[PDB]
Amino acid sequence: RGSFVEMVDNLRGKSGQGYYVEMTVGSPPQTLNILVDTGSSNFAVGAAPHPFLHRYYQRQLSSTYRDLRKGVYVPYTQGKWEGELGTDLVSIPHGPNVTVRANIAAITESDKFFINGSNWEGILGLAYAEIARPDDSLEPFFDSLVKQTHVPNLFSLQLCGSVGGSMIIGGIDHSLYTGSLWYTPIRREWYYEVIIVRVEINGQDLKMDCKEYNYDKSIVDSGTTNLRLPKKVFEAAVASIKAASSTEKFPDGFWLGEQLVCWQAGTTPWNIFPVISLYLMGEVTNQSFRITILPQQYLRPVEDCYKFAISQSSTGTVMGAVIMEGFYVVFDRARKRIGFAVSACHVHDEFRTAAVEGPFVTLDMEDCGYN
Ligand SMILES: CN1C(=O)C[C@@](C)(c2cccc(NC(=O)c3ccc(OCC(F)(F)F)cn3)c2)N=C1N
Ligand code: NA
Ligand code: NA
């Protein structure tokens, strides 16, 4: 409890490609790099020699493998994968010193799924059975972990945004954050769904009906890059960001993520860009708190050229790696809540730092949840 030195720094990544943890599958152990994803619930790994893959799960080499004689087809907004289900023994070398029998989808065919030049070979879905494929009876990895061991039912993520971070499995490490943790309820256990009750650009309320902020949900997703905002909120959001930053100008396609914008080295105008604060539902009736992110988070370097990493959505708000890089995030599954604290490692400047602040008084927070 509170100290987990062995798990500190167990995440690696490359800008834009996601954060991955080393895992082993089967006996003898086959080592793989696995994308950490709080936005999905399948443990799926490459199982065949796709060209983009450094390595892949070779089921034939494992004595502990058990076929479930069952297929799964998984389409996404763009790209898909399909696979064959089974179970085998899984470990996390730089995680808890346990071994569990987990479901694994062996990916036999995929499209627009693996990334050319990336260093991961599979994906660890850390969300709940409700959104598992093909259905809620396929038990996600973290459930199997907690069912079969003494590992406490919670994990936490410090994503530092070439890149690194920590996934503390079964606890919290106090060195990873400064100040206090503030908790927001998990509304329903499927995605890590939360409720945003208020949005400020540079301390300026959007004055939108709060239901709009959560239309049709808001979730915390380490497998998404952007802060994704519902269409109507996004319009409001950029309009207010465009205005707060009207001190300089950029093409209209830039705000739509259809082009990059570039400045010279040692000289990006951070300060003409506003802070963004999301107030989240608190643990107590009529009590909220707010998280504050910097343009450092929503203006992401591409290779000085940057992409605007706030985008519109038809699936609701997504607090991707943009938000998460500001914070140490606690997925407290045992108490159905998400904790936020200022990350000890977040990227800032000398004028502004990311922040988690409370308590604030906010009424009718229940009306902010879409049904
Ligand atoms: C959004 N999403 C999906 O569309 C489906 C799924 C399974 C998925 C599938 C394939 C790839 C990914 N995610 C990524 O490639 C990715 C890339 C960069 C990411 O962040 C990088 C940075 F940290 F922002 F720099 C996070 N995830 C997610 N999970 C999701 N969370
Ligand atoms: Na247990
Ligand atoms: Na601390």
Side-chain angles (χ1 to χ4, degrees), residues 2-3 11-20 34-44 46 52 74-81 96 98 100 105 107 110-127 131-133 140 142-154 156-165 170 172-181 191-192 219-228 296-302 307 309 311 313 315-316 318-326 328 330 333-334 339 341-345 347 356:
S3 188
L11 307 183
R12 284 291 173 273
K14 293 232 335 294
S15 177
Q17 295 173 347
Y19 299 69
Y20 60 82
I34 305 301
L35 184 73
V36 173
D37 188 17
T38 69
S40 71
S41 303
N42 282 87
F43 181 37
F52 303 170
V74 183
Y76 304 115
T77 300
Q78 200 198 60
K80 50 131 256 263
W81 60 264
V98 297
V100 293
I107 302 170
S110 78
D111 192 55
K112 283 176 201 292
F113 178 72
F114 302 117
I115 295 180
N116 195 25
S118 89
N119 197 40
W120 55 265
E121 293 91 48
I123 194 176
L124 187 59
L126 290 166
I131 63 165
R133 319 272 162 86
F142 202 90
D143 302 73
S144 311
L145 182 64
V146 166
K147 254 218 173 189
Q148 293 174 34
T149 70
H150 285 317
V151 176
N153 191 20
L154 90 175
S156 52
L157 295 170
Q158 190 199 56
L159 316 180
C160 310
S162 45
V163 303
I172 296 178
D173 192 284
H174 309 308
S175 67
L176 295 181
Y177 68 98
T178 61
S180 172
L181 281 158
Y191 305 86
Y192 289 105
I219 66 170
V220 188
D221 188 6
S222 62
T224 292
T225 294
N226 291 344
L227 171 54
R228 305 224 290 127
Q296 275 77 358
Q297 279 86 60
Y298 66 89
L299 297 184
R300 88 155 166 80
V302 188
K307 205 189 166 172
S311 69
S313 161
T315 43
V318 185
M319 315 190 204
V322 162
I323 306 270
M324 303 194 55
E325 282 168 7
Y328 181 57
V330 178
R333 294 152 61 97
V342 177
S343 171
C345 79
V347 179
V356 187

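Computation of the quantities below employed the complete heavy-atom set of this structure, encompassing side-chain atoms and omitting hydrogens, waters and symmetry-equivalent molecules. Read the numbers this way: they start at 1 and go in the same order the structure lists the ligands and their atoms. Throughout, residue positions are numbered sequentially from 1 according to the sequence presented.
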> Flag the pair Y298 / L227 as yes when at least one side-chain heavy-atom distance between them is below 4.5 Å, and no otherwise.
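No - every pair of side-chain heavy atoms lies 4.5 Å or more apart.
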> Hey, what do you get for CE (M319) to OG1 (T38), rounding to the nearest 0.5 Å?
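Rounded to the nearest 0.5 Å, the CE-OG1 separation comes out at 10.5 Å.
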> Indicate yes or no for a side-chain donor-acceptor contact from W120 to the backbone of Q17 under 3.5 Å, with no hydrogens or angles considered.
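Checked: pair present.
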> Report yes or no: does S175 have an N/O/S atom closer than 3.0 Å to the Na ion (ligand 3)?
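Looking at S175, which is the residue asked about, there is no N, O or S atom under 3.0 Å from the Na ion (ligand 3).
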> Near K112 NZ, under 6.0 Å, is it more than 12 heavy atoms from other residues, nucleotides or ligands?
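Not buried by this count: 12 neighbours or fewer within 6.0 Å.
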> Quick check on contacts: which atoms of ligand 1 are under 4.0 angstrom from a heavy atom of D221?
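Heavy-atom distances to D221 below 4.0 Å select 1 (C), 30 (C), 31 (N).
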> Of all the atoms in ligand 1, which lie at a distance below 4.0 Å from a heavy atom belonging to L35?
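Near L35, the atoms of ligand 1 are 12 (C), 13 (N).
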> Just how far is it from atom CG of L126 to atom CG of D143, taken to the nearest 0.5 Å?
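CG of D143 is found 10.0 Å from CG of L126.
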> Verify the distance criterion only: is there a donor paired with an acceptor across the side chains of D221 and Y191 at less than 3.5 Å?
no
> Measure the distance from atom 8 (C) of ligand 1 to every protein heavy atom, then report the residue, atom name and distance (to 0.1 Å) of the closest one.
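Among all protein heavy atoms, the one nearest atom 8 (C) of ligand 1 is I123 CD1, 3.9 Å.
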> Pick whichever of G223, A309, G320 has a heavy atom sitting closest to atom 28 (C) of ligand 1.
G223
> At less than 3.0 Å, would any N/O/S atom of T149, backbone or side chain, sit next to the Na ion (ligand 2)?
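Checking the Na ion (ligand 2) against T149, an N, O or S atom does fall under 3.0 Å.
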> I need the minimum non-hydrogen distance between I34 and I123, along with the two atoms involved.
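Reported closest heavy-atom pair: CG2-C, 3.6 Å.
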> For atom 20 (O) of ligand 1, what is the nearest protein heavy atom, given as residue, atom name and distance?
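The closest heavy atom on the protein side is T225 OG1, 3.4 Å.
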> Nearest to atom 23 (F) of ligand 1, what protein heavy atom do you find, and at what distance?
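The protein heavy atom lying closest is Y19 CE1, 2.9 Å.
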> Please compare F114, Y191, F113, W81 and report which has the shortest non-hydrogen distance to atom 10 (C) of ligand 1.
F113
> Identify which one of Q158, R12, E325 satisfies the side chain to side chain donor-acceptor pair (under 3.5 Å) criterion when paired with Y19.
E325
> So, 3.0 Å as the limit: is an N/O/S atom of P152 located closer than that to the Na ion (ligand 2)?
no
> Restricting to N/O/S, name the atom of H174 that gets closest to the Na ion (ligand 3).
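Atom name returned: O.
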> With distance as the sole criterion, is a donor-acceptor pair present between the side chains of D173 and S175 under 3.5 Å?
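There is such a pair (donor and acceptor under 3.5 Å, judged by atom type) between the side chains of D173 and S175.
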> Please state which protein non-hydrogen atom is closest to atom 30 (C) of ligand 1 and give its distance, to 0.1 Å?
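I find the closest protein heavy atom is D37 OD2, 3.5 Å.
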> Can you tell me how far apart OG (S118) and CG (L35) are? Round to the nearest 0.5 Å.
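Reported value, rounded in 0.5 Å steps: 8.5 Å.
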> Is it the case that ligand 1 has an N or O less than 3.5 angstrom from some N or O of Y76?
no
> Please classify the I115 to ligand 1 contact at 4.0 Å (heavy-atom distances, strictly less than): side chain, backbone, both or neither.
side chain
> May I ask you to test the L181-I172 pair for a side-chain heavy-atom distance under 4.5 Å?
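The answer is yes, as the side chains (C-beta and beyond) meet within the 4.5 Å cut-off.
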> How far is atom 24 (F) of ligand 1 from its nearest protein heavy atom, and which residue and atom is that?
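It is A321 CB, 3.2 Å.
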> Mark the output for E325 as yes if a heavy-atom distance to ligand 1 is under 4.0 Å, and as no if none is.
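Flag set, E325 near ligand 1.
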> Name the closest protein heavy atom to atom 21 (C) of ligand 1, giving the residue it belongs to and the distance to 0.1 Å.
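Nearest neighbour among protein heavy atoms for atom 21 (C) of ligand 1, to 0.1 Å: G18 N, 3.5 Å.
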> For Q17, counting its heavy atoms only, list the atoms of ligand 1 lying under 4.0 Å from any of them.
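Listed by number with element, the hits are 17 (C), 18 (C).
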> May I ask you to check whether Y177 and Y328 place their ring centers less than 6.0 Å from one another?
yes
> What's the separation between atom CG in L145 and atom CG in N153, rounded to the nearest 0.5 Å?
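Separation between the atoms: 9.0 Å.
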> Where the closest heavy atom to atom 1 (C) of ligand 1 is concerned, which of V74, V163, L124, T224 has it?
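When every heavy atom of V74, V163, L124, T224 is considered, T224 comes closest to atom 1 (C) of ligand 1.
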> Considering non-hydrogen atoms of the protein only, which is the closest contact for atom 26 (C) of ligand 1, and what is the distance?
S222 O, 3.4 Å
> Report the nearest protein non-hydrogen atom to atom 25 (F) of ligand 1: residue, atom name, distance rounded to 0.1 Å.
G16 N, 3.3 Å
